[PDB]
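Here the structure comes first, spelled out in structure tokens, and everything after it is commentary.
As the structure lists them, so they are numbered: ligands from 1, and atoms in each ligand from 1. When a residue number appears, it is its place in the shown sequence, counting from 1.
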Amino acid sequence: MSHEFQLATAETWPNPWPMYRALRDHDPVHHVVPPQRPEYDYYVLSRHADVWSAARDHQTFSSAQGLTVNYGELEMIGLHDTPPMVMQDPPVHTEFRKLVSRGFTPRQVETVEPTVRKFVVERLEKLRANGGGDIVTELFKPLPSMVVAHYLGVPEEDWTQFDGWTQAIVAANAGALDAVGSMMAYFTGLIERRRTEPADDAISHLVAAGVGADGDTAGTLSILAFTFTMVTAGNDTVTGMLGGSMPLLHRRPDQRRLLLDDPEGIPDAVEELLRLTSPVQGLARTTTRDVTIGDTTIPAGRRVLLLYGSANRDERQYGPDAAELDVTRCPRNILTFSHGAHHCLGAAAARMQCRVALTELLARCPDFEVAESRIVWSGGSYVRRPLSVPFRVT
Ligand code: HEM
């Protein structure tokens, strides 16, 4: 047990909630001054109201210096020259987002759903036949990779090779030189193909809109950067949502009962699971001006950690039962996908995967066991996701 603020590790991901509660109740605008590195001080926002408003306010809370509390981030990763879309502010962010958004419509979520369902069924049946097993390795890891592949217009025949690169990158993001090289090489070819054979995906749309046309190397690089953004955005997060939901469901048979009796309640249940798992538990911003929130003034030029995971658990927004699973809650203004300019492009895709996985878990493996104490969590301070979830089926 610890109620003192610290960036999470594999060992402290099981139960960050009391720490968050202490912040919300006693220091909602919390100044962190690392004793070993006081020059790397930063601030932490834990309440729903403050996080909601800060996420929206890109003018005051910029994404352009990076999304971690590490002040050397952009040079450390090698993206200072031209940061990716998630590290762009408007207006730079706006045009590119408009173009790629053409590949994030109901059509793209709908076309991949039968493929998602088929894979979920295949893997859950294998688990059922074997009385359980490694649900993360066999389902919750590979599934989101296929969906990201779909959104990038990777042909189905290349999904296995694409999974290989994805896993190396995801593990490293939590070097991957072979993977980064293979992927950037593969997409160079695919982008070229989309010049003459455009489909309905985000890459096809970027190419059709003339990004990279007429020797615009920088444009082409932006498409390549977007592929890396997608791999890092759409994988560990979904695995976190899926794996993180398992103990929550297991320990509430009454809540499973509600959905067994009314499967049409599953979409609402997905929102509640997204609220409580909040796979992106926090991301940072940089203040562009001094800003006062209550009795605290955050100086210009400092990182501010937006604790989405805490905002999602704030009793001021969701009541004294905010810590509990209620699949009929219908929570509004969840922070799981942030809010404002950078609102997750993959929200509908993530929701669809959760819906299909939950539907089939209840239909195919209703009697299951999860030992929460034996879950292994990934390292990394921003995304909360299991590497392994003990899973037994009777
Ligand atoms: C449950 C799973 C997911 C969670 C919790 C999640 C969370 C988020 C969050 C919090 C942001 C905003 C980042 C910020 O505040 O700076 C974001 C952005 C983004 N996400 Fe997701 N995401 C998920 C799944 C996905 C999927 C499946 C995809 C792709 C199909 C995706 C693609 C993106 C992209 C491209 C952005 C950048 C948007 C922009 O900066 O304008 N995400 N996501």
Numbering as shown, the atoms of ligand 1 that approach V238 to under 4.0 Å (heavy-atom distance): 2 (C), 27 (C)

Got an N/O contact under 3.5 Å between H342 and ligand 1? yes

Specify the protein heavy atom at minimum distance from atom 33 (C) of ligand 1: its residue, its atom name, and the distance to 0.1 Å. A233 CB, 3.6 Å

Between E271 and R329, is the closest basic N to carboxylate O distance under 4.0 Å? no

Looking at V86, which atoms of ligand 1 are within less than 4.0 Å of one of its heavy atoms? 13 (C), 16 (O), 40 (O)

Need the ligand 1 atom indices (1-based, order shown) with element for anything under 4.0 Å from a heavy-atom of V280. 7 (C)

For atom 35 (C) of ligand 1, state which one of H343, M87, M230, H58 supplies the nearest heavy atom. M230

Between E11 and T9, is any side-chain donor less than 3.5 angstrom from a side-chain acceptor? yes

If I apply the N/O under 3.5 Å rule, does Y308 come out as touching ligand 1? yes

Under 4.0 Å, counting heavy atoms only: does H93 come that close to any atom of ligand 1? yes

Pairs of nitrogen or oxygen atoms closer than 3.5 Å, one from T336 and one from ligand 1: do any exist? no

Indicate whether any N or O donor in one side chain lies under 3.5 Å from an N or O acceptor in the other, for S46 and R24. no

With atom 31 (C) of ligand 1 as the reference point, say which of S278, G346, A348 has the nearest heavy atom. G346

Under the salt bridge (charged side-chain N to carboxylate O under 4.0 Å, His left out) test against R251, which residue among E372, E369, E324 passes? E372

Is any side-chain N of the basic residue among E113 and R117 closer than 4.0 Å to the acidic one's carboxylate O? yes

Protein heavy-atom partner closest to atom 38 (C) of ligand 1 - residue, atom, separation in Å: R97 NH1, 3.4 Å

Under 4.0 Å from a heavy atom of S338: which atoms of ligand 1 are those, numbered in the order shown and with their elements? 10 (C), 12 (C), 15 (O)

Validation row, ring centre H93 to ring centre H342 under 6.0 Å: yes

So for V100 against ligand 1, with non-hydrogen atoms under 4.0 Å, the contacting part is neither

Output yes when the distance from some N or O of ligand 1 to some N or O of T229 is under 3.5 Å, and no in every other case. no

A cation-pi test, strictly: NZ or CZ of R37 under 6.0 Å from the centre of the six-membered ring of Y71 and no more than 45 degrees from its axis. Yes or no? no

Do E138 and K126 sit within salt-bridge range, that is, some charged N less than 4.0 Å from a carboxylate O? no

What's the shortest distance from atom 26 (C) of ligand 1 to any protein heavy atom, and which residue and atom give it? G234 CA, 3.5 Å

Verify the distance criterion only: is there a donor paired with an acceptor across the side chains of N312 and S278 at less than 3.5 Å? yes

Any chance the side chains of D41 and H31 put a donor and an acceptor closer than 3.5 Å? yes

Can you find a side-chain donor-acceptor pair between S62 and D89 that sits under 3.5 Å? yes

For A350, the ligand 1 atoms with a heavy-atom partner under 4.0 Å come out as 1 (C), 2 (C)

Does a side-chain N-to-carboxylate-O contact under 4.0 Å join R107 and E110? no

Among protein heavy atoms, which sits nearest to atom 16 (O) of ligand 1, and what does the distance come to when rounded to 0.1 Å? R285 NH1, 2.9 Å

contact_flag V147 ligand 1 heavy-atom lt 4.0 Å: no

Nearest protein heavy atom to atom 24 (C) of ligand 1, by residue and atom, and its distance? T237 OG1, 3.5 Å

Around atom 36 (C) of ligand 1, find the nearest protein heavy atom and jot down its residue, atom name and distance. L345 N, 4.2 Å

At what distance is the nearest protein heavy atom to atom 13 (C) of ligand 1, and which residue and atom is it? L283 CD1, 3.4 Å

Is there side-chain contact between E272 and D326, with at least one heavy-atom pair below 4.5 Å? yes

Residue selection (non-hydrogen contact nearest atom 25 (C) of ligand 1) among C344, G309, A55: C344

